[PDB]
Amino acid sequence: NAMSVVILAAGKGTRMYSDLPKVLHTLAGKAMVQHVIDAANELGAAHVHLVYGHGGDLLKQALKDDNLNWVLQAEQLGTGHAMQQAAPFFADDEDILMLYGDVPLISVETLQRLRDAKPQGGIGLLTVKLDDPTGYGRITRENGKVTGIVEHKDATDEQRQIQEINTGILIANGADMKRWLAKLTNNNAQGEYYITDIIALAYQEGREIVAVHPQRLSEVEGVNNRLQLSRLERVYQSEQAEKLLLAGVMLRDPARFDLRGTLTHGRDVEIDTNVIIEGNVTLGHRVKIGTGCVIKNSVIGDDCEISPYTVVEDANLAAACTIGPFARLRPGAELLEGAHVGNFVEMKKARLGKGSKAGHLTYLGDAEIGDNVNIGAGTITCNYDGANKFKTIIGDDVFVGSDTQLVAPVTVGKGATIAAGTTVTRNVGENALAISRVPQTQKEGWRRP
């Protein structure tokens, strides 16, 4: 079938105390409204009409989906009024699903359910029964049939007793929506245009409204302040964790895990406490990730062991690598099979070959390191003259003594050995020993301050 989605995101989010549009505040690493658009496109929406009021600049900057149609609502005179603005783009032959930009957790499964329930020529409405229905539009039925919605401000003490409430999500046909929308007036408590009136209009036209319910309450919870955003973030993380656990991923504490992106994985992956996964992360089989690690946009091969407090960004680790604790891999770091990176080591745009080790207090940037190479503690590749960055190349079987600086550009041939404390400014030959050392001397009977 055909269907388009309209997302209302023109409301003011003052209880957030922010200089950023409310629907842009993130949850799980992404804008609240991006979550809604994702569900919209995942549902098959043909067009996605974003109705906004202000901060349109900040909005277009952050939102760049293709099926995105921007609709301005200069004045917020109500949800019905906001829909009136988008109406012009509705297709008589297409279904129109309405959503809120501040209700991020709504699921596609529930939206698919609502979809299939919409009566022909009728309306699909999503409702939930709440313990305390205060503030919500009340659902009135006659002989068991939905005949309308009474906003909290307008309901009578008696109607206020109804616990079935309107969540705000509904689907109808473009043409229908258009005829009803045109007949809206604002004679009411709030003195605005209620999109909720269309339920009545449709009913007295003979049409029928069907009400389906969500799988969970959080599915239709809206965000008006940062406490509510916080709450939903935990709900989301708890769901993510459950899925992973049931999928074979062991989490040492599901309450202390955060997934802010996408995780692909093999079998027997084990993740300890307080680990954060961001962007796109791929883990091979039997990968072990110690406590406190932050992994972002990286590939980690089979049998890798990431020790506690290790930060990895845009890195690529081949099989059987061991890194950490306290290691920092920056964009471009690559570790071939069996490579080892110890504590207080930083890598950026550098490849460490098979079986090579960089054990301690080392900085490797803009470097190409061969296999079975040993980088002594304190080694640093000085890759920047203050204007340009230069490359350092270290061949296979090289042994770099502790506290060596390699002033780029420089190449060290296979099997070379670099004396501890050497400042390397010139290429080193294969099988040669490079050194720039002052012989050690002594001064007898020396007294300090």
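Throughout, we count residues from 1 along the sequence that is shown.
With 418-426 and 61-69 compared on mean CA B-factor from the PDB entry, the stretch scoring higher is 61-69. Averaged over their C-alpha atoms, the temperature factors of 182-190 and 368-376 are higher for 182-190. Out of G401, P409, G29, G56, it is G56 whose C-alpha atom has the highest B-factor in the PDB entry. By the numbers in the PDB entry, the CA B factor is greatest at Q159 among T127, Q159, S238, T322. Placement of the Cα temperature factor of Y203 within the chain: highest third of the modelled residues, per the deposited record. Among all modelled residues in its chain, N297 ranks in the lowest third by Cα B-factor. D272: CA B factor lies in the lowest third for its chain, per the PDB record. For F326, the recorded CA B-factor ranks within the lowest third of the chain. Only modelled residues enter the ranking. When the CA B factors of the chain's modelled residues are split into thirds, the value for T134 lands in the highest one.
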